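Consider the single chain below, provided in structure tokens and representing the form deposited in one PDB entry.
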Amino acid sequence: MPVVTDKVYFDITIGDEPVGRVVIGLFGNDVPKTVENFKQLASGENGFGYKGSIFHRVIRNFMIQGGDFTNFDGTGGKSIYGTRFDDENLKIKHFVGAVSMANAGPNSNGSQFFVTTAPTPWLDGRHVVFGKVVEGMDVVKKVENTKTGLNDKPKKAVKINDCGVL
């Protein structure tokens, strides 16, 4: 298993009601550049980041996706290195509770990421896995079961009300 070297928290609300904290353990020895991006975006130290952003796409028994702090719809976000950065390591496979970079094809990591709640083996090799959930899988589950609309957008906003580096 990859070693966890750092942790980030997300305090999440649904429709402005608190539903709990997710703590993600990060694999900084295997993908240090990807882990630095996600830590800096959680801390907001470049003036922009995840606080206040939403999980815009939620699919029951598959994944929750968020990190689009520019457009809030899946079209946006940016890394601390520029709009996009390259795939750092594709060797780590997904597993239930994996945290992985969303992308638009090869070498197109930004700020968007997803947390799985079921196997997603068809994503192996194509998305950079960079951590896993170490607390609050039950909170991810609440989000996973929230009622959705067009293109799996949550009817009530699922918001990262606060976040940071532990």
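One-based numbering along the sequence shown.
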message = I need to verify one thing: averaged over C-alpha atoms only, is the B-factor higher for 56 to 64 or for 34 to 42?
response = 56 to 64
query = Which has the higher mean CA temperature factor in the PDB entry, 131 to 139 or 108 to 116?
reply = 131 to 139
query = What third of its chain, lowest, middle or highest, does the C-alpha temperature factor of residue 19 fall into?
reply = highest
note = Sorting the chain's modelled residues by C-alpha B-factor and splitting them into thirds places residue 87 in the lowest
inquiry  = Ranking every modelled residue in this chain by its Cα temperature factor as given in the entry, which third contains residue 1?
reply    = highest
query = Is the Cα B-factor recorded for residue 97 in the lowest, middle or highest third of its chain?
reply = lowest
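Absent from the display: the form solved in complex with a partner chain. The rest refers to it.
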ask   = Any chance residue 128 has a heavy atom within 4.5 Å of the partner chain in the bound PDB entry?
value = no
query = Can you check whether residue 102 is within 4.5 Å of the partner chain in the bound PDB entry, heavy atom basis?
reply = yes
inquiry  = So, residue 34 and the partner chain: in the bound PDB entry, are they within 4.5 Å at any heavy atom pair?
reply    = no
query = Would residue 132 sit within 4.5 Å of the partner chain in the bound PDB entry, counting heavy atoms only?
reply = no
note = TL;DR on 24 to 32, 62 to 70, 47 to 55, 132 to 140: the one with heavy atoms within 4.5 Å of the partner chain in the bound PDB entry is 62 to 70
